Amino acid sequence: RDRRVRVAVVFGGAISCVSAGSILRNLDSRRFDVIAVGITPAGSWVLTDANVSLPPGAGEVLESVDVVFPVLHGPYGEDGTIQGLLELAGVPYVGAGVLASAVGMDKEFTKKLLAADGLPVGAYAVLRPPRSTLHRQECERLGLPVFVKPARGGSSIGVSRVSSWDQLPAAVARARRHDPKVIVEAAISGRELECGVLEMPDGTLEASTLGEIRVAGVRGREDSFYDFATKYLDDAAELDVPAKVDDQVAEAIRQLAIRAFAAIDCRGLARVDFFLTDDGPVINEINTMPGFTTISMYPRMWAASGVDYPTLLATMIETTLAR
């Protein structure tokens, strides 16, 4: 119709193509006028069968649409790069935004903001150069083992399981190869539960039914060493959606997810990664770039909550246009 919202699904020339495919097939063509844009390795915007200084082809594409639906993923994982371009071009797009993503990308800032709002996070310390060592009081507070990680990074690169304090220095140097700022986290374990948060056009935040992942077979309990996304790629992962959990606890966790979203001033969407510990729920991650394949955890959780993919996608578009 001559009234349909015009949408560009923009993705990188694998998961990104499959995600783009999933989005393309589930956008209601009665409602949206949709085109498909692949970004070449070199960074040119090339149109593909949908079934200031901007990149080659990007100018012409952007003027022809009202909203961009970007696939924030690349060969190395989550990739929010394009968000900055779109912010600069003044084009509305589905995404958490530059600022929330920068926050979400930094474990220190994320944990700081979460805790500031009274949300449960695992105990940890932060080491900046030259600091490669911890105070005795910090050691007692953290216990062992600790997981040493670059504050900013992905896919669990530069991450070490430290099992005696003597191992810390080497672990810090390893993490420091990737980020000068290094986080020493108390190990967290229990059941790993996900919750997807969705922002409605009026700002109302809705939380999905919980999804559970298990990748530790014999051990019976998950821990926070690997990130959820990495675990999700394990051939041995088992997912329960919905997760089999007390209704009261599920409700409490969903409320926490909502609060986590607000805590970092997120926009649009996020996946919140919880561990159900002996001492209760702990937030291990809030991820601002959830997956968009039809078998990704975010869409599955929402489907289990009664919200089909076409409705989910339409809502995200409606929310970003309202904003």
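The first residue of the sequence shown is number 1, and the count goes up from there.
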### Query
Unmodelled deposited residues between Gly13 and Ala14: none, 1 to 3, 4 to 9, or 10 or more?
4 to 9
### Query
Got a sec? Mean C-alpha B-factor, which is higher, 108-116 or 235-243?
235-243
### Query
Taking only the CA atoms, which stretch has the higher mean B-factor in the record, 211-219 or 160-168?
211-219
### Summary
One of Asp179, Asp227, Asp79, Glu87 has the largest Cα B-factor in the entry, namely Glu87
### Summary
Looking only at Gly95, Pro75, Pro130, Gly203, the Cα with the top B-factor belongs to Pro130
## Note on the structure
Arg271: CA B-factor among chain residues, third -> lowest
### Message
Per the entry's values, where does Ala8 land by CA temperature factor relative to the rest of its chain, in the lowest, middle or highest third?
### Response
lowest
### Message
Ranking the modelled residues of this chain by C-alpha B-factor as given in the entry, is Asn287 in the lowest, middle or highest third?
### Response
lowest
#### Entry: Position of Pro70 among the chain's modelled residues by C-alpha B-factor, lowest, middle or highest third
lowest
## Note on the structure
By the entry's values, the third containing the CA B factor of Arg30 is the highest
